[PDB]
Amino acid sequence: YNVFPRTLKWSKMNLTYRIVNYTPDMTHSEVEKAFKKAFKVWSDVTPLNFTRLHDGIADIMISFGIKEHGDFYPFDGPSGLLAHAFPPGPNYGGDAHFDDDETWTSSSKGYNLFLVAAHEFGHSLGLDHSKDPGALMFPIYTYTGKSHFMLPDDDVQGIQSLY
């Protein structure tokens, strides 16, 4: 016989993702680079690797939508909820949805896609929100406007307790 695991995490180290569709705000290329950067944040601090699929069912299905888009987490227009993700598991587990009523950018303007993706992929991997306002996993977007991105220690300890 078998039993479910308590503590949601991936048991396999090589995960796949697929970008199902694209925001108008950025180039296909800029969106691909952003999500790849966001996965590299996590592969640099864990044994996980992330490979991209062009078709088929991937472990992490990435899409953009507005308002009601096919689950119980409807978006709400500009600002408010930026994105959400499902925790690790079969079916919809790992999927990351981005609100296409945001202005997505590769900069300090609007919402930085890489940054929000880094955060949501945290949920995809099994991290919940942090109480530390400096944390990547803090529930509220707060662009620090530093030159380069550094994963704060709070999120390193969290991810290391899982993987």
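Note that residue numbering begins at 1 and tracks the sequence as displayed. Only the largest set of C-alpha atoms that superpose within 1.5 Å between the two forms is called the rigid core.
Superposing on the core and measuring CA offsets in 7 other deposited structures of this protein, the stretch of 66-74 and 121-129 with the greater mean deviation is 66-74. Remark: when the other structures in 7 other deposited structures of this protein are fitted onto this one via the rigid core, 130-138 deviates more than the alternative among 130-138 and 32-40, judged by RMS CA distance. Note: missing coordinates for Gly145 occur in a third or more of the other compared entries bracketing this position.
Higher mean CA B-factor, judged across 43-51 and 104-112 from the recorded values: 104-112. Ranked against the other modelled residues of its chain, the C-alpha B-factor of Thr144 as given in the entry falls in the highest third. In the deposited entry, the Cα temperature factor of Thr16 places it in the middle third of its chain's modelled residues. Per-chain ranking of the deposited C-alpha B factor places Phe72 in the lowest third.
Sorting the modelled residues of the chain by their CA temperature factor places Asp99 in the lowest third.
The deposited CA B-factor of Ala34 belongs to the highest third of values across its chain.
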